[PDB]
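> Quick one, what's the 3D model for this:
(one chain, ligands or ions: 1)
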Amino acid sequence: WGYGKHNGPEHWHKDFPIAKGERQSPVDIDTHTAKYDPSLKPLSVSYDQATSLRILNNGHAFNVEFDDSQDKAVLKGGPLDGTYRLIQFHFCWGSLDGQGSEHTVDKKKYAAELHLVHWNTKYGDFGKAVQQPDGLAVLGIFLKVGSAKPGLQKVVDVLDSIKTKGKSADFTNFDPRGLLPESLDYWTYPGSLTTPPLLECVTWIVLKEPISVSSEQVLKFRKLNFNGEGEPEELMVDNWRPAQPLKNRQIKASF
Ligand SMILES: [Zn+2]
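Numbering: from 1, shown residues only. Pasting the structure now:
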């Protein structure tokens, strides 16, 4: 699987039949249809004790990994029940500023999308969580092009070192708190992983308020390669999946 013409999103259902399931992601958020739900609790992000370890190019994106052997970087509150631990974060981006996000707001597409992945500690490890309907919590944050994001610069400078598939780099003392918007107002719905195996185990929480990155910041993303070192160069762009049918599900808002 990939994002090309022959192994792209439209073809995933062949090896991953859950591709046309009832709770696939991403989706389009109809802000006029979302239900204001007064019983949602504010989100609780505890990231001050976060420990980053490395960044790697997995051939379809780049992941920043965190030590999740203890409750160091956790998510709770909101629509969640129990504690979710930060295991890793990645992005989806486009070839142009006009596309890149997975989730769309009134059909509007953003330059990129940041996904903060967390797993339910009641399940003991990430592999068990992905077997549960309440196994993960993904924190989705939109990126728009304007002013630079001071806090994202550290990531951008290290991409040179993981240009190709399989590369990884030590990436310590990276504080995720630098990638958060001022507001924590959100939309939430039941969904899935947006990349194979596309397991229907996620509780999506999409921030209303986007973060702005500079054009040169995002330009650096477009320079990564899908391919392994020594292979024809395939630039790592448009690694996002098209919006799926909502099918009955309801999108709720905390505002
Ligand atoms: Zn993702």
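
> for the nearest residue to residue 33 once chain neighbours are set aside, what are its contacts?
Excluding the flanking residues, the one nearest residue 33 by Cβ to Cβ, 6 or more residues apart in numbering is residue 251, at 7.0 Å. Quick note: C-beta positions are derived from backbone N, CA and C, even for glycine. Going by Cβ atoms under 8 Å, 6 or more residues apart in numbering, residue 251 touches 27, 29-30, 33-35, 187-189.

> Kindly report the same for residue 138.
Applying Cβ under 8 Å, 6+ apart to residue 138 gives the contacts 115-118, 202-205.

> same thing with residue 226?
Contacts for residue 226 (Cβ under 8 Å, 6+ apart) come out as 2-3, 59-60, 165, 234-236, 239.

> Helix or strand: which one has the closest residue to the ion within the stretch 101-250 of the chain?
For the stretch 101-250 of the chain and the ion, the shortest gap (Cβ to the ion) falls at residue 115, measuring 3.5 Å. For residue 115, the element it lies in under DSSP states H and E is strand 112-120.

> Packing partners of that strand?
Applying 3 or more Cβ pairs under 8 Å, 6 or more residues apart in numbering; DSSP states H and E, we find strand 112-120 packed against strand 74-77, strand 84-93, helix 126-129, strand 136-145.

> Buried ones among the contacts of residue 251?
Among these, those that count as buried by neighbour count (16 or more other Cβ atoms under 10 Å) are 27, 29, 34, 187-189.

> coming back round to it: let's have the helices and strands packed on strand 112-120 in CSV, adding distance to the ion.
What follows is those, written out as CSV (distance: least, Cβ to the ion, whole Å):
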stretch, distance to the ion
strand 74-77, 15
strand 84-93, 5
helix 126-129, 14
strand 136-145, 6
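
> Turn the ones you listed into a markdown table, including distance to residue 111.
Output for those, formatted as a markdown table (distance: least, Cβ to Cβ, whole Å):
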| stretch | distance to residue 111 |
| --- | --- |
| strand 74-77 | 24 |
| strand 84-93 | 7 |
| helix 126-129 | 29 |
| strand 136-145 | 5 |
